[PDB]
Amino acid sequence: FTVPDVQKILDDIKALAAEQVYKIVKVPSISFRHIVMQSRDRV
Amino acid sequence: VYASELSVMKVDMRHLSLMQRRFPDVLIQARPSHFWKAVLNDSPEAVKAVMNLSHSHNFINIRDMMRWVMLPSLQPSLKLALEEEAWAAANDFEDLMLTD
Amino acid sequence: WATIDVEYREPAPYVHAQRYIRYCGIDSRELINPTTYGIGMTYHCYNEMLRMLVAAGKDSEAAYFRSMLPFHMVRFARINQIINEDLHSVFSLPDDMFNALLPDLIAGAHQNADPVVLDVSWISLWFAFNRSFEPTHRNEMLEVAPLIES
Amino acid sequence: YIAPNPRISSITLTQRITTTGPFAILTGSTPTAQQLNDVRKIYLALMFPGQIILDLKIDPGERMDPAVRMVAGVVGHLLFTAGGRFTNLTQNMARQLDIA
Amino acid sequence: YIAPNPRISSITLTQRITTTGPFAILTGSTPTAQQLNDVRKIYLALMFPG
Amino acid sequence: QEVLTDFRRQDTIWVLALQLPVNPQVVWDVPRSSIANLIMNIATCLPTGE
Amino acid sequence: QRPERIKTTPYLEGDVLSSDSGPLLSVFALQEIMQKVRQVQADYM
Amino acid sequence: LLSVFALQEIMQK
């Protein structure tokens, strides 16, 4: 029999414990892109 | 979880402590309570409630906060290490895309 | 008791009033740049009262007052800020009359600056001890006053 | 006007266990109109050091618990000022507070 | 909360009926709710030494 | 002392019809007046309680 | 706007009881000052 | 109500 004011914050911490920061991907994000301006040699 | 969140808050405050000296032209009127309030506003509310469970009965001020931040005790974790690396990577403000 | 309540720091825009009021030795800068931790906030009379209450066997009252001390100090710090900042005008009392008020009252001599006497009850002190006056906005006609005085 | 935090006098550990204060009956009291006016008088005397001086009101038409006089006598010594530079109260009120 | 065997009080504390004492009077008493709460406070204070 | 505390106290002339520190001897110089003094003391000062 | 009103802990946060201003306290002071002298003159010869 | 010693409390109102 604990006071609900503290029970709520223990429930909040327990829920926060399931947070996921990273992620798993097959390919990395694009870092460099290219622009063409009617030239066959330079971009 | 509680230890990791406290460590992250300590690291954030420790790194934000130097902005007034680094850029005096933008933060001439800046006070420590400003970044203390910012870090409090950008933190989970559960650890804030845990701290308020005692700070509502007892009074603390800026000196206690500074002493607590300067204390050398960190709880290692994934988020803490990644946050420290992120703060180390953003040392130069040209990476943040703002200059004078 | 054993502290300084009046001092002169810089020349004032109004020449007849140069004093600064410091109730129980607290400056306004303590709300921005404290000079001590949360425990270290104290002054002589309150500490003496705490020691007297402990010596008399009333420990619960001493603990209650020790816990309530920072609110007390912050209240008088705000009062000092209000007195020193907003209430500066020609209508404030000049320095010589303020200095001569107390000896005239002690000697009981005739004075032209007779203070106004008001009456309060016993429970009023207890109710006042549990309140703090925090300003929200400034006066509407604060910017127009000097023209009125002129 | 701001009241103090309610947690300063009571800490709850369980539904049926709670610390009690020494002045619990006074903390739960509610002022009337005249008492509020007297509190306003007290603050008005505080904000003007030498120009307004307090005194004691005597009215036989009302009865009170004798503990409130003693509590007020304790409070008045650390609330008011009677130093060697200015005073907030007459000699009679000082003597009454000393007797209390 | 577990109470002991009443016979322990019967053979030792109220051995003779013609004599009355403090323990004999407090033997026949039943706690109320507030006294049970006080006992709980006693036990909580005991569980934390300092 | 609230009659000596208004703001017109600096220009007021007070008059008292009775002097306070009464000499008790004039009370006790009445011939054979012990019982009357005792009765008056009981009637004026004695309290009631439970 | 002011840096003195920033609250960082719930110790200084409490319920609001009443309000006050300039003209209200001015007329209150005048009313009490006149009421005291009127009462003391009415009570005695 | 079993003990005789509890009765005197009732006797003393």
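All Cβ positions, even for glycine, are placed from backbone atoms using ideal geometry, and neighbour counts span all protein chains on display. All of the numbers you see were taken from the coordinates with simple rules; none came from a lab.
Residue order for C:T36, G:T8, fewest other beta carbons within 10 angstrom first, comes to C:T36, G:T8.
Distance between the 7 Å Cα→Cβ label points at D:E62 and A:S29: 6.9 nm. Would you mind computing, in nm to one decimal, how far apart the modelled labels at B:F93 and C:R66 are, each placed 7 Å from Cα along Cα→Cβ? Placing both labels 7 Å along Cα→Cβ, they lie 4.7 nm apart.
Summing Cβ point charges (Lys, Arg +1; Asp, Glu -1) relative to the Cα centre of chain A gives a dipole of roughly 520 debye. First measure r as the distance between the Cβ atoms of C:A100 and F:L18, then evaluate 1/(1 + (r/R0)^6) with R0 = 41 Å and state the FRET efficiency to the nearest 0.05. After rounding, the FRET efficiency stands at 0.65. Residues E:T27, D:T87 in ascending order of nearby Cβ atoms (within 10 Å, fewest first): E:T27, D:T87. Helix A:4-16 against the longest principal axis of chain A: what's the angle in degrees, Cα atoms only, rounded to the nearest 10? Once rounded, the angle reads 30 degrees.
DSSP assigns beta bridges within the protein assembly as shown; of those with both partners inside it, close to 55 percent run antiparallel. Using a 10 Å Cβ count of at most 13 others and DSSP loop calls, identify the longest part of chain C lacking such GluC sites (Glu not before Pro). Formally, the longest exposed-site-free interval is C:1-139.
For a straight C-alpha distance cut-off of 18 angstrom, the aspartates and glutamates reachable from D:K41 (same-chain residues fewer than eight places away being disregarded) are C:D114, C:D119, C:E134, D:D55, D:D59, F:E2, F:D6, G:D20, G:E32.
Modelled spin labels at C:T35 and B:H34, positioned 7 Å past Cα toward Cβ, are 2.5 nm from each other. When the Kirkwood hydrodynamic radius is evaluated over all pairs of different C-alpha atoms of the protein assembly as shown, what value in angstrom, to one decimal, is obtained? It is 30.9 Å. An ellipsoid equivalent to chain E, defined through the eigenvalues of its Cα gyration tensor, has semi-axes of 28, 13, 11 Å when rounded to whole angstrom and sorted largest first.
Note that the stretch B:17-31 has calculated 3J(HN,Hα) couplings of 5, 9, 5, 5, 6, 5, 10, x, 6, 9, 10, 5, 9, 6, 10 Hz, one per residue in order, obtained from phi through the Karplus relation 6.51 cos²θ - 1.76 cosθ + 1.60 (θ = phi - 60°); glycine and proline are x. Candidates B:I60, B:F23, B:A89 compared by Cα position along the dipole of chain B: farthest toward the positive end lies B:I60, with charges placed on Cβ.
Only helical runs count toward this figure. For chain C, summing -39,500 (n - 2.57) over DSSP H runs of n ≥ 4 and dividing by all residues gives -13500 deg cm²/dmol at 222 nm.
Residue by residue, the stretch G:2-11 carries 3J(HN,Hα) couplings of 6, x, 7, 9, 6, 9, 10, 10, x, 6 Hz when phi is fed to the Karplus relation 6.51 cos²θ - 1.76 cosθ + 1.60 (θ = phi - 60°); x denotes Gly or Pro. In chain F, the longest principal axis of the Cα atoms and the axis of helix F:34-45 are about 50 degrees apart. Centre-to-centre separation between the Cα atoms of the stretch B:5-30 and those of the stretch A:1-41: 25 Å.
If the cut-off is 21 Å between C-alpha atoms, which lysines fall inside it for C:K58, apart from same-chain ones fewer than 8 positions away? List returned: none.
Once the C-beta distance of D:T19 and B:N52 is scaled by a Förster radius of 25 Å, the resulting FRET efficiency is 0.90 to the nearest 0.05. When only alpha carbons of chain D are considered, Rg and Dmax amount to 16.6, 52 Å.
Put simply, the amide H of D:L89, placed in the peptide plane, has neighbours under 5 Å in D:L54, leaving out anything fewer than 5 places away on its chain.
Rounded to the nearest 10 degrees, the angle from helix G:22-43 to the longest Cα principal axis of chain G is 30 degrees.
With a cut-off of 15 Å on the backbone N, the residues of the stretch F:1-30 near the modelled label site 7 Å out from F:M40 along Cα-Cβ are F:22-30. What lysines sit close enough to A:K8 to cross-link, taking a C-alpha to C-alpha distance under 16 Å and skipping anything fewer than 8 places away on the same chain? Answer for A:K8, where 16 Å is the Cα cut-off: B:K48, listed by chain and number. About its Cα centre, the dipole of the protein assembly as shown is roughly 1840 debye, where the only charges are +1 on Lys and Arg Cβ and -1 on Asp and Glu Cβ.
The distance linking chain F with the stretch D:30-97 is 29 Å (Cα centroid to Cα centroid, whole angstrom).
The region of chain C that goes longest without hitting one of the trypsin sites (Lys or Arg not before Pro) in a DSSP loop, each with at most 15 other Cβ atoms within 10 Å, is C:59-137.
What you get for chain B, charging only the Cβ of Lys and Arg (+1) and of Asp and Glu (-1), is a dipole of about 600 debye around the Cα centre. Scanning chain C for long hydrophobic helices, with DSSP H runs required to stretch 24 angstrom or more by C-alpha along their axis and to average at least -0.5 on the Kyte-Doolittle scale, returns C:59-85. In plain terms, the residue of C:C24, F:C45, C:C45 with the fewest other Cβ atoms within 10 Å comes first and the most crowded comes last, giving F:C45, C:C45, C:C24. The radius of gyration of the Cα set in the stretch C:43-137, together with its Dmax, comes out at 18.0, 51 angstrom.
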